[PDB]
Structure formats: C-alpha cells, structure tokens
Amino acid sequence: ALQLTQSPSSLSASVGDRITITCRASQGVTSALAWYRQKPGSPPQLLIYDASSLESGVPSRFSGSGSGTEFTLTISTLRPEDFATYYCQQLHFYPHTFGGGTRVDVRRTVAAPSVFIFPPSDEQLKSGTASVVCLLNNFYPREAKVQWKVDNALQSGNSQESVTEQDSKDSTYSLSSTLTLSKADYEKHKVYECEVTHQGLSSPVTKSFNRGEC
Amino acid sequence: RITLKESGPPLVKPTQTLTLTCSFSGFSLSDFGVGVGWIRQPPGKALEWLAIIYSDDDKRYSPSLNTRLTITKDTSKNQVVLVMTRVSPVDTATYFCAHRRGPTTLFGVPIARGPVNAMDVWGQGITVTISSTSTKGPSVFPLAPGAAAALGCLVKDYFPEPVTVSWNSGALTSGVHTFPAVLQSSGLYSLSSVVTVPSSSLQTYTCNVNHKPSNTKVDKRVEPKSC
Amino acid sequence: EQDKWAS
C-alpha cells in the first residue's frame, strides 16, 4: 500500500528553535493529511487537519503546509511541551496510514556512552540460563548500535534491548542490552563481547570477557 | 466537549478473542458523516491504523488485519466495539479509539469536507498484553563489574507488569537507571536496573525489588565479586 | 480504496 515517510526520524533542538518536520507520500493524497503531537504516556493530539488548517485550541506556533506528496509541519518557536514525537496521517486512501514518527528531543553536546559488560551470575547459571548484559550509560544522541559477538560469531535473534527516556538533567540516554543463552551453549564458548557504535566514538568500542577466566 | 474512553481486558492469551469497547459522549453515531476509528501502538513503536466505522454504517479495515477484525456500533449506547480474533503476542499494544468529524453543513447542506481530514479527539488508550503466562515473581540476579563503575540487578522472568526497584531502600538515586522491561518470547518480562558510582565508592549497594502481583519482595546486595 | 470523502 501507500507509504508515508517522515523526515527526520529523530531531531534535536532547544527551546526557542524553529523546527520543521516533513512527510512524503508514495502517491498523492491531495490535502487529506493530519499532524499530531504525542507526549510520552499520552494519546496523540491533533495539531493540523486537512494539511494546513489549524485545529481549534492549538497554539499558533504550529503550522502546516503542502499538498499532493509532500507536507511539512513547522513549529516556529519550540516550547518545552514540544519535546515529543510527531506523526503525520494520510486520510485519502484506505487504510488511513500513519508515518513512522519523528522524535524531537533536547539538544546537548555529543557524549559517547560509558560501556560495561556483565557476565551471568553463578546463581543464574545454576538455574540453567545465562544472561549477558551490556550497558551503554549516559550517551547522546540517542542512536546507538550494539552488536554481540561470541568467540567472534556475530549474534542475532538472541538479545533484547531497552532505552531510558531522555534524562531531565543530563539530556543523555542509557541503553541496556541482554544476550540470553542456555547454560549449555554458554559453556561452549569463551569470548563474550559487546561491540558498540555511536556518534561520539571515533571507532567502535568493544567490552568483553572470557568465560570462566578466574 | 467530545470525550472517548476505551475498555476491555488488560490481559489476553494467544489464540483468544479480544473485544474492546469505545464509550463516548459529546456526539452521536447518528450524527451526519461522523466516524469512530481504532488505532493501536505497540510499546515503543509507531501508530498503526486498524479500522473505522461511520454513522451510515460503512465499515473499513486495515487490509493486513481484515480477517481478524470486526467493528460494530451500538448507536443507542454510544459505543463502538472492535473484536479481534486469534490474537498473538505481537498484538500487545495500547489501543485507542478516536472521533472523526463529518463534513460541515449549512442548513443541513454539506459545504466543507476539510474537517474530515484528521481524527480530532482521542481516548486515553487502553494497554493490552497478550501472553499465555500466569502470574509469576522475578528471579533477581546481580550485575557486577569518567572512571565510573557500574553495577545492578537483573530482574528476570516475571509477570505481569509492573515491578518496582529502588536502591538502598530509596537513599540511592543519583546515577540510577531502571530500564523499561522487555516482554520475552517466553511471555515473561525482564528488566535491568543499574547504578553508576565513583570507582571509589565500591559504601554498600542493595537493590530492593518488589513485584506486587505475586507478593514477591527481594533485597539483593551487589558487590564487586572476587570473594 | 478512495476514502469516504474523496474526489
């Protein structure tokens, strides 16, 4: 079906800035496009309907323009409540698609993550499972990539990660990634590595340990 | 003033049928051209359109979910119901219903269609978790180690959400990061809580974990291993 | 398809 691509997917800014988010459709949607702002924990809120009409009760710093395949939302003077995720929605064709969203967060200086790797506890091992956790602490911007390697084999499909919300004092994020293996598989290898790529790191940093080394 | 609110079960098991109700006030589903739609949002993901129904009773569904969705209205009760069959874990999401305006009319004559291009009022959303798990308390394991040091606790295999974690009975707050839990393929949640301290403080560190649902409290003191 | 209010 019809594709709606938002740009940028993520954007950093400060109070008082002017930002503009754009949304492009794969086929023309005339003026049937709406913009929403969604704050964490709340439902999306309508800002602009029919590509450019200002929704009632919505502050005038919000503006929408465009028609056909290209639309833009601009917030002229960013206020603290605007740090949020914005979505565009097309209503010309069924299904009524939403774009991927664009996250707007507090800009701060680039900060590389402090990385730490934790081996599984002997207590967990006795239960038969092995969790290897990697921590990326206080970094910025939000995008980071974690790659698990076991005896140099690239791992896939056996890890999960979660990211904290932007810190209200730091403006940094932290990320936890868990590699999970059976105790048996765990025992069949030695070098457990967490490889981290991030804008603040000149090149990828790797933190690792050799299993059973004492 | 238009308001909508979603209701239904917070927890549902795979293969089961999920029935969600949207009760609203401020408009009638008998008003001209009005619509009520459903949109969902898996945790951390984008909004996904599901279906919509209009007062003249036309219905439309997401093509990807068409076979599992039924939307219906009960005009006299001011409710719209969405029934999803055969749910699976990927259906865990926050589900929202929303109002869609019909064209503006002048002396009962449609003169403006621009107002239909948006879903203008939304309900708070209802969180639905799809898992075959029964209530279960977490196993708590230690996570042990600019020149900052890190340690923590891995709160593993519990259900359902939520769990609370604090450090040193609430006295340790700076440098603490408790991550949002991930729903494992097993249907149980898992989360880590860590804390960063000056590489010298290694002071004592104990995580206090509490999963109300299963009556499971655990305090786990964590230290820099090696005996 | 075409939304209910399209042309």
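Numbered from 1 within each chain, the chains take letters A, B, ... in sequence-line order.
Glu165(A) CD: 12 or fewer foreign heavy atoms inside a 6.0 Å radius. The number of heavy-atom neighbours closer than 6.0 Å to NZ of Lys217(B), taken from other residues, nucleotides and ligands shown, is 12 or below. Atom NZ of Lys136(B) sits in a sparse spot, with 12 or fewer heavy atoms from other residues, nucleotides or ligands closer than 6.0 Å. More than 12 non-hydrogen atoms from other residues, nucleotides or ligands lie less than 6.0 angstrom from CD of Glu143(A).
Atom NE2 of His96(A) is separated from atom CD of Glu48(B) by 14.5 Å, given to the nearest 0.5 angstrom. Taking NZ of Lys225(B) as the reference point, atom SG of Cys214(A) lies at 11.5 Å (rounded to 0.5 Å). Atom SG in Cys88(A) sits 10.5 Å away from atom CG in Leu47(B) (nearest 0.5 Å).
Looking at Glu55(A), only its side chain comes within 4.5 Å of chain B, counting heavy atoms on both sides. Heavy atoms closer than 4.5 Å to chain A are found in the backbone of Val116(B), but not in its side chain. Neither the backbone nor the side chain of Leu50(B) comes within contact range of chain A, judged by heavy atoms closer than 4.5 Å. With a threshold of 4.5 angstrom between heavy atoms, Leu154(B) approaches chain A through side-chain atoms but not through N, CA, C or O. At a 4.5 Å heavy-atom cutoff, the contact between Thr196(B) and chain A is made by side-chain atoms alone. Looking at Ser53(A), there are no atoms closer than 4.5 Å to chain B (heavy atoms on both sides), in backbone or side chain. Only the backbone of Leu183(B) comes within contact range of chain A, with at least one heavy atom under 4.5 Å from a heavy atom of that chain. Of the two parts of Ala144(B), only the backbone, made up of N, CA, C and O, holds a non-hydrogen atom closer than 4.5 Å to a non-hydrogen atom of chain A. With a threshold of 4.5 angstrom between heavy atoms, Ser174(A) approaches chain B through its backbone and through its side chain. Using a 4.5 Å cut-off between heavy atoms, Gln41(B) contacts chain A through its side chain alone, with no backbone atom that close. Residue contact with chain A, scored on non-hydrogen atoms closer than 4.5 Å, is absent for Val222(B). Interface residue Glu123(A): backbone and side-chain heavy atoms are both found under 4.5 Å from chain B. With a threshold of 4.5 angstrom between heavy atoms, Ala149(B) approaches chain A through N, CA, C or O but not through any side-chain atom. When heavy atoms are compared at a cutoff of 4.5 Å, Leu191(B) does not approach chain A at all. At a 4.5 Å heavy-atom cutoff, the contact between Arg100(B) and chain A is made by side-chain atoms alone.
Taking all atoms of both residues into account, the shortest heavy-atom contact from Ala32(A) to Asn117(B) is CB-OD1, 3.3 Å. What you find for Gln184(B) and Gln160(A) is that their closest heavy atoms are CA-OE1, 3.6 Å. When all heavy atoms of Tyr49(A) and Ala118(B) are compared, the closest pair comes out as CB-CB, 3.5 Å. Looking at every heavy atom in both residues, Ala46(B) comes nearest to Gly100(A) through CB-O, 3.9 Å.
Counting heavy atoms from C-beta on, the side chains of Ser131(A) and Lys156(B) come closer than 4.5 Å. In this structure, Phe98(A) and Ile39(B) have side chains that are in contact, with non-hydrogen atoms separated by less than 4.5 Å. Using a 4.5 Å heavy-atom cutoff, the side chains of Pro63(B) and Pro95(A) are in contact. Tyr94(A) is listed as a side-chain neighbour of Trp49(B), based on a closest heavy-atom distance under 4.5 Å.
Chain B is approached within less than 4.5 Å, heavy atom to heavy atom, by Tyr36(A), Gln38(A), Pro43(A), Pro44(A), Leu46(A) from residues 36-48 of chain A, ordered by number.
Interface check for chain A: of the options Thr94(B), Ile52(B), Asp120(B), the most heavy-atom pairs under 4.5 Å are formed by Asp120(B). The most heavy-atom pairs under 4.5 Å with chain B, out of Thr129(A), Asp170(A), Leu175(A), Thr180(A), come from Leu175(A). Between chain B and the options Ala34(A), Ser162(A), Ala51(A), heavy-atom pairs under 4.5 Å are most frequent for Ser162(A). Top candidate by heavy-atom pairs under 4.5 Å with chain A, chosen from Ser192(B), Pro180(B), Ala181(B), is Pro180(B).
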Please assess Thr164(A) against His177(B) for the test side chain to side chain donor-acceptor pair (under 3.5 Å), listing each intermediate value before the final yes or no.
CA-CA 7 Å; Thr164(A) 50; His177(B) 283 136; 5.1 Å; no
Under the criterion side-chain contact (heavy atoms from CB on, under 4.5 Å), I'd like the reasoning laid out for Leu135(A) against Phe179(B): C-alpha separation, chi angles, the key distance, then a yes or no.
CA-CA 11 Å; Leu135(A) 162 70; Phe179(B) 301 82; 3.7 Å; yes
